Amino acid sequence: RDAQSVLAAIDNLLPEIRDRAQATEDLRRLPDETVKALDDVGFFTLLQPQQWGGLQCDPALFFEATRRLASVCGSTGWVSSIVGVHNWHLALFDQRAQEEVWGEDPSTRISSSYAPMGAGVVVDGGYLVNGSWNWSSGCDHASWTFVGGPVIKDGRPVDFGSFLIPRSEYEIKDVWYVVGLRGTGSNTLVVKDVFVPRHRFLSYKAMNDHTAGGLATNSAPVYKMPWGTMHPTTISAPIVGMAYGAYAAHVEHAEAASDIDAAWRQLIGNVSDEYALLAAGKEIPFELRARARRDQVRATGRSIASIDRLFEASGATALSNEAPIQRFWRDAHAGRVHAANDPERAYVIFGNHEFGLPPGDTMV
Amino acid sequence: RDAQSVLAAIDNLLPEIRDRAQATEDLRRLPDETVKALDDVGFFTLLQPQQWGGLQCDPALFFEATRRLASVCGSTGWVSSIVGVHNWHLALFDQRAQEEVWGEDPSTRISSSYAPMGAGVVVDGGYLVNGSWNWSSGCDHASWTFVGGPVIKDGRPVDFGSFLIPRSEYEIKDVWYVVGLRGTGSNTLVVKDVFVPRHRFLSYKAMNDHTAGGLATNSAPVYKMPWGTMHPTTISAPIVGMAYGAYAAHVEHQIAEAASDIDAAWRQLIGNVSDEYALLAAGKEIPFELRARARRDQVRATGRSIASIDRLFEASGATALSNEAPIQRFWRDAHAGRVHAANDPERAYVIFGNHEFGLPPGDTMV
Amino acid sequence: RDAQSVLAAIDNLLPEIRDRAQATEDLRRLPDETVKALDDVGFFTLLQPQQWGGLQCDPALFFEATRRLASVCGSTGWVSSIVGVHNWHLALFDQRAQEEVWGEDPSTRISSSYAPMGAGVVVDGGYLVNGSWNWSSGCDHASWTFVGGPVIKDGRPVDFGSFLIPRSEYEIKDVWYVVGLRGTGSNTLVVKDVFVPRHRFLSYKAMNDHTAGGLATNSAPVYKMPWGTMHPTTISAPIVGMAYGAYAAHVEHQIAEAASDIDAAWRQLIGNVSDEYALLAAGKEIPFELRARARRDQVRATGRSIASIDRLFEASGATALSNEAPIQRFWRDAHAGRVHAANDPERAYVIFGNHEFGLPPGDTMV
């Protein structure tokens with residue numbers, strides 16, 4: 001079993017997922033059956049390190065899988081991209097954190113809410129974490145979470161990064177009643193006085209430094225991809241895929257099909273350019289990372305324009321609750337509102353360690 | 001004595017300030033003589049409330065004053081602007097805080113370092129504040145300071161604002177050995193385990209809300225000016241004056257549009273201040289689109305100004321590099337200003353829409 | 001020992017030169033240690049003729065050497081470029097002048113001040129020279145100098161060029177207290193009633209004519225490079241290296257196109273040098289259109305470079321102003337360079353078409 005065969009297995013899975021699209025929406029979280037299928041097929045394995053049975057794959061393939069899923073159910077491609085890429089992010093934590101998550105069951109999953117809605121206060125051996133973090137897509141299908149925030153020491157921020165916390169230490173609050181991406185169950189994680197040892201914190205500085213502890217044991221070049229590319233592409237790729245779905249909803253019933261194609265080639269082109277340099281042991285130029293950032297909005301912007309045109313060119317029946325196209329329209333738009341509210345848009349401007357953050361140019 | 005006579009009297013000061021310019025750089029902080037002079041002619045009263053003997057003046061006149069000062073000594077104009085506008089900011093604090101600062105001596109001055117380099121953790125009665133804040137322009141001439149940062153409650157940020165703290169409770173570390181703005185004495189403020197009561201913190205949300213406590217006792221329309229305009233104009237105005245200085249220095253030693261770019265940058269900057277103030281004087285609200293223009297104009301004004309200073313610096317003879325040449329000083333002072341402006345965290349705060357770090361919605365900051 | 005091994009050996013020098021950078025500024029002239037080091041690895045021989053033990057090297061390699069030096073210490077790269085290229089210039093003087101400088105010690109160095117700040121009046125046997133010439137970079141490390149000016153005969157200018165004069169015949173006035181390029185010791189040369197024989201003047205007409213006396217004994221193709229390219233590249237190359245320095249300093253302390261603008265400015269500058277040299281190596285003539293491109297590229301390269309240094313300076317943190325920050329130094333050194341380039345009289349000489357002041361036709365100067 002390999003990257004290519006997982007992709008094929010996913011292709012085979014699409015009709016089932018398409019027929020439960022509306023069910024998924026009504027549930028407000030992915031059906032266990034979708035999650036079980038994705039697991040069985042090896043999807044969560046794609047960016048997971050080899051030492052845990054994972055395929056540490058070309059990131060372009062991982063994002064292609066998310067595009068396929070999204071083309072059939074916006075919510076499913078969204079949750080899959082986000083929860084699958086967390087296996088990439090965990091590969092960068094020190095080896096003991098990876099063991100604690102994967103050492104018994106390597107199919108264990110990890111959710112996130114990286115927005116700074118809490119903080120870790122330095123205590124002996126780690127941090128005491130408190131906060132209430134919203135928007136954790138797929139959190140009902142993960143037994144660990146990341147939560148983002150600053151580290152506070154002697155009453156001041158000194159660092160910023162992600163805290164890894166097991167499910168027994170947080171509560172999920174069901175708040176997910178929304179206009180689109182309804183089936184993502186992007187619920188709220190409530191964290192009260194939870195001790196987190198240092199080995200289960202990973203600083204944004206270290207990730208962008210190439211000094212993340214996971215890199216000593218996980219050497220595949222995909223783990224050297226920049227955070228500033230992997231993180232927004234996680235969101236952009238399914239949104240592009242939802243445009244493929246809107247288009248196929250419009251057939252099954254101008255420049256559209258090809259404006260969508262061009263949005264895809266641009267988004268993924270930056271990923272493979274980046275990866276091709278790492279696989280040849282070269283460095284990724286800042287200019288390339290800056291270019292990939294600007295193309296996030298160009299590509300989701302082009303996709304969503306195509307979706308709006310299609311939505312308005314599908315008969316009056318387009319407005320019906322019973323109509324796939326309005327679902328892909330709502331889901332892509334919900335996605336872009338999430339994207340447009342991303343606090344890293346601002347982090348990139350910081351140059352002076354504000355709130356424990358790394359130099360902004362490292363975040364690009 | 002009104003705003004117009006203060007402005008008139010600042011004019012009488014310019015020759016003396018100009019002469020002292022190298023001495024000011026050498027001191028690395030403003031000479032007592034120039035601070036006393038400015039205090040005597042009433043400069044610090046300009047934006048101070050009338051209940052304290054201030055002129056609560058037209059904010060465009062206050063910025064014009066700083067432009068003139070900076071046209072003779074960049075560091076003097078810089079410190080004057082920043083230290084004077086803090087009398088505006090204290091006016092929005094609740095009356096008890098104002099009483100503590102000014103109740104005995106209404107000539108008392110307040111420095112700032114608004115960058116988040118510390119925090120206040122909620123305790124009984126207020127906040128325990130800790131941090132180390134740099135770039136506090138004119139701090140050696142103040143007996144209180146503002147320091148910016150979040151409020152931490154129950155182990156997380158829940159608000160963001162300024163803590164007002166007396167001079168007995170922090171240490172000034174002298175670290176100001178720099179390429180430009182040498183006479184501003186922009187030193188570092190070290191604060192350890194300092195209790196700040198609630199009436200001495202003012203949230204950015206409250207200021208932008210029109211709910212700041214000081215508004216209940218300071219009713220003048222100037223106190224209704226937006227933070228997102230007043231705060232950067234504090235910096236941009238003396239940088240613009242520094243371009244007027246470079247120009248005069250270039251004329252004295254001997255482009256197509258150096259002179260007219262500088263005057264256009266000025267009309268544009270002070271224009272947004274006048275438009276906003278004109279609405280508040282009429283009992284009207286400032287629209288978001290106006291505050292938005294005023295923000296984009298900060299870089300345009302200061303960018304045009306600095307570009308012209310650059311052409312001037314390059315067209316004043318091969319001696320323009322000499323330490324004795326006024327034009328290298330305006331050039332260094334102006335560029336140093338620009339580095340400060342480009343390092344302002346509020347350029348990022350405007351983008352935040354989700355209460356990140358206790359901050360208010362970013363569009364309120366614009 | 002060839003040009004390639006010298007370049008290799010300069011690389012070994014860079015760490016030591018970088019460390020000395022603040023010390024160099026403080027001295028206000030290059031430390032003996034760095035001049036000796038450069039002399040020892042053979043740097044000054046690069047463009048010196050083979051009859052004197054020089055390498056009469058590919059001029060693109062000489063400029064690369066200065067780029068590397070300036071990427072660690074702007075002042076060192078600046079002085080190195082200017083003092084080294086004068087061994088190129090002396091090669092065009094007639095053999096008797098070269099013999100006077102180098103006949104005993106071929107390691108002897110020559111400073112310049114080519115700006116017309118003096119004149120030579122025709123006398124029996126040569127010229128009586130008088131003047132006061134500033135900005136002579138590295139003059140404290142030379143035992144001869146060039147000074148530029150017209151020849152006055154029968155009461156009017158009849159020619160224009162450089163007079164070569166030994167150290168015993170002028171005074172160095174120490175006047176170098178400046179905002180940037182502080183370690184270059186660009187001091188002033190005072191010359192009073194000095195007899196210069198005819199073999200120690202070289203006309204700009206003769207150089208541009210291909211009739212310089214030194215060409216009869218120094219046949220290497222490099223001696224055929226145009227003045228109008230070699231002379232400004234001397235300045236532009238280390239300014240470009242200074243941008244490479246600012247970049248490295250910004251990376252070390254922690255734009256879209258800062259790095260790639262800098263490398264594009266370099267390819268463009270060194271590209272015109274390579275194209276010209278490639279024609280001379282083939283026994284071919286350099287066309288006017290190529291020298292013309294090379295001139296317009298001096299401002300483009302140096303402009304792009306400085307713009308990038310400016311973005312960098314503004315994006316390296318609020319401490320970028322500190323005297324201890326490498327990036328302010330590259331910034332000041334680069335801008336100081338630019339003031340020198342913008343004050344060059346040859347920008348005007350190119351426009352003259354009528355022998356004004358003894359000058360050759362302006363298109364020969366391009």
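We use all heavy atoms of the structure for the numbers below, so side chains are in, but hydrogens, waters and symmetry mates are not. Below, chain A is the first sequence line, B the second, and so on; all start at residue 1.
For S236(C) (side chain) and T233(C) (main-chain N/O), no donor-acceptor pair under 3.5 Å exists by modelled atom type. Using a distance-only test at 3.5 Å, with no hydrogens or angles considered, no donor-acceptor pair links the side chain of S308(C) to the main chain of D261(C). When atom types are taken as modelled, the side chain of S75(B) and the backbone of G183(B) share a donor-acceptor pair closer than 3.5 angstrom. Judged by distance alone, with hydrogens and angles left aside, the side-chain atoms of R347(C) form a donor-acceptor pair with the main-chain N or O of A342(C) at under 3.5 Å. The main-chain N or O of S112(C) is found under 3.5 Å from a side-chain atom of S136(C) such that the two form a donor-acceptor pair. With hydrogens and angles disregarded, a donor-acceptor distance shorter than 3.5 Å links the side chain of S305(C) to the backbone of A301(C). Remark: the backbone N or O of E314(C) is not paired with any side-chain donor or acceptor of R338(B) at under 3.5 angstrom. No side-chain donor-acceptor contact under 3.5 Å links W331(C) to the backbone of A246(C). Of the possible polar contacts, one joining the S113(B) side chain to the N134(B) backbone as a donor-acceptor pair under 3.5 Å is found. With hydrogens and angles ignored, the 3.5 Å screen pairs no side-chain donor or acceptor of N272(C) with any backbone N or O of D297(C).
A donor-acceptor pair shorter than 3.5 Å cannot be found between the side chains of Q254(C) and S316(C). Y114(C) and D344(C) share no side-chain donor-acceptor pair at under 3.5 Å. A side-chain donor from one of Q22(B) and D26(B) sits under 3.5 Å from a side-chain acceptor of the other. Counting only N and O atoms by type, the side chains of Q328(C) and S322(C) include no donor and acceptor under 3.5 Å apart.
In terms of heavy-atom proximity, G138(C) sits nearest to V79(C) at CA-CG1, 3.6 Å. Heavy-atom minimum distance, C139(C) versus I172(C): O-CD1, 3.5 Å. Annotation for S80(C) and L38(C): closest pair OG-CD1, 3.2 Å, computed over non-hydrogen atoms. What you find for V72(B) and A21(B) is that their closest heavy atoms are O-CB, 4.1 Å. The two residues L312(C) and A258(C) come nearest to each other via the heavy atoms CD2-CB, 4.2 Å. The minimum heavy-atom distance between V299(C) and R296(C), with the atom names listed, is CG2-O, 3.3 Å.
Separation of atoms CZ (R20(B)) and CG (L30(B)) is listed at 9.0 Å; rounding is to 0.5 Å. One distance of note links CD1 of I82(C) with CD1 of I110(C); it measures 13.5 Å at 0.5 Å rounding.
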- Audit row: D333(B), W78(B), side-chain hydrogen bond (donor to acceptor under 3.5 Å, both in side chains) steps and yes/no: CA-CA 9 Å; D333(B) 282 354; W78(B) 185 265; over 6 Å; no

- Message: Using side-chain hydrogen bond (donor to acceptor under 3.5 Å, both in side chains), reason through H335(B) and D310(C) one step at a time and then give a plain yes or no.
- Response: CA-CA 9 Å; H335(B) 278 288; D310(C) 284 348; 5.2 Å; no

- Task: Begin from the C-alpha positions of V240(C) and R304(C) and carry the test side chain to side chain contact (heavy atoms under 4.5 Å, CB included) through to its verdict.
- Result: CA-CA 9 Å; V240(C) 188; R304(C) 289 161 93 34; over 6 Å; no

- Please test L14(C) against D11(C) for side chain to side chain contact (heavy atoms under 4.5 Å, CB included), starting from the C-alpha separation and ending with a verdict. CA-CA 5 Å; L14(C) 301 187; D11(C) 264 8; 4.0 Å; yes

- Item | Check against side chain to side chain contact (heavy atoms under 4.5 Å, CB included), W133(C) and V190(C) | CA-CA 7 Å; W133(C) 276 269; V190(C) 185; over 6 Å; no

- Query: After noting the C-alpha distance and the side-chain angles of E171(C) and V191(C), does the key distance pass the side chain to side chain contact (heavy atoms under 4.5 Å, CB included) rule?
  - Reply: CA-CA 7 Å; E171(C) 186 205 329; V191(C) 178; over 6 Å; no

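Pairs of residues two or more places apart, or lying in two chains, that qualify as salt bridge (charged side-chain N to carboxylate O under 4.0 Å, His left out) and include a residue from residues 172-181 of chain C are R28(C)-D174(C). Within the structure, the side chain to side chain donor-acceptor pair (under 3.5 Å) test picks out the following pairs touching residues 138-149 of chain C (sequence neighbours left out): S111(C)-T145(C). Under the salt bridge (charged side-chain N to carboxylate O under 4.0 Å, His left out) criterion, the residue pairs touching residues 175-184 of chain C are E25(C)-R182(C), with sequence neighbours excluded.
In terms of the ring-ring contact (aromatic ring centres under 6.0 Å, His included) criterion, residue partners of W135(B) (sequence neighbours excluded) are, by chain and number, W176(B), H340(B). Judged as a side chain to side chain donor-acceptor pair (under 3.5 Å), and not counting sequence neighbours, the contacts of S186(C) are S137(C), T184(C). Every residue was checked against the ring-ring contact (aromatic ring centres under 6.0 Å, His included) condition with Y170(C), not counting sequence neighbours, and none meets it.
Under the 6.0 Å cut-off for aromatic ring centres, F62(C) and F43(C) qualify, their centroids lying closer than that.
Classification of the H89(C)-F146(C) ring pair by plane angle, with boundaries at 30° and 60°, yields tilted.
A salt bridge between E64(B) and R67(B) is present, with a side-chain N of the basic residue lying under 4.0 Å from a carboxylate O of the acidic one.
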